[PDB]
């Protein structure tokens, strides 16, 4: 008995980004000529193998948990956070992982709120500090078990069990948001380890199709766009189903149930990403009620209908 492969039935307004906790807003395609596309969150094979720093919960993506240090006396990261995995499991740096699960996989400033010991303090927001976690910081060393926290609203308490809840991205004069550049998980000038592989098209006329979110920008005017290979719900679905991949390429179609007609077709690669026959950098427009659907296994030679 061979279990058939399937996608969940979810419209674009029913999908979550697997690289930042936000709904999908757009589908987007680009040749990405001058970058290497190698995200570490939102990585799952079609047969259900999680890779990189990928885990199952939306709440763990770009989240951190652990114990704060004593003050560092550093100009930027006034405290460190000694990490456990988001599920609370002890983190062993010798694990065959790039970093704890859910660690941010871009170079940029992640903004969110650190919460620590409940306080009898009579102040509003007493136990909620706004913090910047820059993955260009010299103290961003999650592979080693520690990251730097730069407080921006309130004061971080030393030596307390703490949770970081992500909210958005900040950009400053020396820290552009670079979604396709990985952090150096062990610190400046070190080599990343245990990475999910880079992805790209391998058929003439094809480009990757991404699930895109415009996430909150808390400093700077540039809209912050984060592209994932598959949405978090697909990670969860493939993990659950673990259907055997019967070829290297699944043919999927985007259907409009209002008309019963498909809008476009695409290849969903066994590695866990989508390509389409398209050129240029632009959104791919879909009807709000439409959804992706698995139609059949095909092979590397299947020529897609162009968009």
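Positions refer to the first chain, counted from 1.
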So, looking at the entry's B-factor column for Cα atoms, which has the higher mean, 50-58 or 239-247?
239-247
Tell me which of 16-24 and 292-300 has the higher mean C-alpha B-factor in the deposited entry.
292-300
With respect to the C-alpha temperature factors reported in the PDB entry, which of 168, 100, 71, 183 ranks highest?
71
From 136, 87, 129, 179, can you pick the one with the highest C-alpha B factor in the entry?
87
By the record's CA B-factor, is residue 252 among the lowest, middle or highest third of residues in the chain?
lowest
Name the third of the chain's ranked CA B-factors that contains residue 29, choosing lowest, middle or highest.
middle
Entry-reported C-alpha B-factor of residue 281 relative to its chain, by third, is highest
Could you place residue 260 in the lowest, middle or highest third of its chain by Cα temperature factor, using the values in the record?
highest
Looking at the C-alpha B-factor of residue 232, is it in the lowest, middle or highest third of its chain?
lowest
